[PDB]
Amino acid sequence: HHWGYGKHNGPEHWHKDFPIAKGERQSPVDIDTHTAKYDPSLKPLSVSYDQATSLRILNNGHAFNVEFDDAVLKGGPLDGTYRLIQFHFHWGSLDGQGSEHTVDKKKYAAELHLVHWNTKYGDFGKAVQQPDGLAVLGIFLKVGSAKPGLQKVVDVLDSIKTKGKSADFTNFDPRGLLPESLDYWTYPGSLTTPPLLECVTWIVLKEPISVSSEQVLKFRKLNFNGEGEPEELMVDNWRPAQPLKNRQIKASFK
Ligand SMILES: COc1cccc(CN2CCc3cc(OS(N)(=O)=O)c(OC)cc3C2)c1
Ligand SMILES: [Zn+2]
Ligand SMILES: [Zn+2]
């Protein structure tokens, strides 16, 4: 019985193996624009991805991720430097849902997560045990014009349809996944999948990227299951918004 997104192993069940699921700084959250506070101490985000070295893409039975040779994220709300280790997405069974964070309860079609670990901890495994161990950059996807920087990703999905499948994915530039503006919201939170560790500074961009219906449809062709098994379509791999508790969401923009 391995965690998943289904009726019998989904987000409502996770707390039984991972009690921190009911913790004080869980993610994602709804971003309420009536209450999110502008904060002048917040610097512009520094995204330095020109030296990013992608390695492979893998269907892990939950999502797909692109792994990097650990590119740096710094500035913004962060002290010191964070290394890019991987990215992945969460998405829906229809365009009207799929994101993890929401904005005034609005769900986007998907959400991109660029995962970075704090270099002061030496490696990812040590970083996740610290409250400031990770910085995840979250970017909403809406349906509109195609995002050319995403094309390499969606085109490769046919070759990694089922759990365990991987493909070479060298020379992918994550800079092609960013919107124009780096205006952001930020709050202290957690990983949104088991083990749900409370080790993340969340940085969620205000501006969504536009992807085409054709592109996002390709996400929905992936399988949760392995080859030669009952077909379980990979859709709705998102955790709902969690209690904000005693936290404050700050905005970098007025
Ligand atoms: C330990 O080195 C790794 C290198 C590449 C991929 C991984 C797997 N892991 C990294 C961090 C992470 C973190 C995640 O939490 S999230 N949604 O970004 O808050 C996650 O949920 C979908 C998945 C993963 C995948 C580990
Ligand atoms: Zn798994
Ligand atoms: Zn994620």
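Of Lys126, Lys147, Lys105, which residue is of a type in the set (D, E, K, R) and on the phi > 0 side of the Ramachandran plot?
None of the other options fit; the residue is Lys105.
So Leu73 ticks every box in (1) over 15 Å from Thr193 (Cα atoms); (2) part of a loop (DSSP other than H, G, I, E, B) but one. Which box is left unticked?
With (1) over 15 Å from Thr193 (Cα atoms); (2) part of a loop (DSSP other than H, G, I, E, B) applied to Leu73, the lone miss is (2).
Can you name the residue in region 48-71 that is of a type in the set (S, T, N, Q) and near ligand 1 (Cβ under 9 Å from one of its atoms) and is also nearest to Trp3 (Cα to Cα) among such residues?
This residue is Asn60.
What are the residues in region 172-189 that are assigned to a loop (DSSP other than H, G, I, E, B) and in contact with a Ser or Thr (Cβ under 7 Å, 6 or more places away or on another chain), if any? Step through it out loud before you land on a result.
To start, the set of residues in region 172-189 that are assigned to a loop (DSSP other than H, G, I, E, B) comprises 172-173, 178-183.
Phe172, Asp183, listed by residue number.
Which of the residues belonging to region 107-131 are farther than 20 Å from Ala71 by Cβ and either surrounded by fewer than 14 Cβ atoms within 10 Å (Cβ to Cβ) or among the hydroxyl-bearing types (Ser, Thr, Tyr) (or both)? Can you show your working first?
In the first step, residues of region 107-131 are kept if they are farther than 20 Å from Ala71 by Cβ; the result is 107-110, 129-131.
Within region 107-131, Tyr108, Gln129, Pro131 meet the criteria.
From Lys161, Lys218, grab the single residue that is more than 15 Å from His88 (Cβ to Cβ) and basic (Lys, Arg). Steps first, please.
On the way: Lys218 fails: more than 15 Å from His88 (Cβ to Cβ).
So the residue among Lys161, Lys218 that is more than 15 Å from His88 (Cβ to Cβ) and basic (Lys, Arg) is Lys161.
Among (1) among the β-branched types (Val, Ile, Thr); (2) outside any loop (DSSP other than H, G, I, E, B); (3) within 15 Å of ligand 1 (Cβ to nearest atom), where does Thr192 come up short?
(2)
Restricting the search to region 71-104, which residues are charged (D, E, K, R), under 17 Å from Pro174 (Cβ atoms) and surrounded by fewer than 19 Cβ atoms within 10 Å (Cβ to Cβ)?
In the first step, residues of region 71-104 are kept if they are charged (D, E, K, R); the result is 74, 79, 83, 95, 100, 104.
From what is left, the residues that are under 17 Å from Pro174 (Cβ atoms) are 74, 83.
Of everything in region 71-104, just one residue is charged (D, E, K, R), under 17 Å from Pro174 (Cβ atoms) and surrounded by fewer than 19 Cβ atoms within 10 Å (Cβ to Cβ), namely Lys74.
I need the full set of residues from region 14-39 which are assigned to a helix (DSSP H, G or I) and aromatic (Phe, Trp, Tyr), in order please.
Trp14
Can you tell me which residue among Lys147, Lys142 is over 15 Å from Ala52 (Cβ atoms), among the charged types (D, E, K, R), surrounded by fewer than 18 Cβ atoms within 10 Å (Cβ to Cβ) and more than 16 Å from ligand 2 (Cβ to nearest atom)?
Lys142
Return the residues of region 1-55 that are under 24 Å from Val235 (Cβ atoms) and of a type in the set (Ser, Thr, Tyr); say none if nothing qualifies.
Passing the criteria: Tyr5, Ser27.
Select from region 88-115 the residues that are touching a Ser or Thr at 6+ places or on another chain (Cβ under 9 Å) and part of a strand (DSSP E or B) and write down the one among them that is farthest from ligand 3 (Cβ to nearest atom).
So, considering only residues that are touching a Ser or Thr at 6+ places or on another chain (Cβ under 9 Å) and part of a strand (DSSP E or B), the one farthest from ligand 3 (Cβ to nearest atom) is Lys106.
We place every Cβ from the backbone using ideal geometry, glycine too, and count neighbours over all the protein chains shown. Bear in mind that the values in this text are calculations on the coordinates, not laboratory data.
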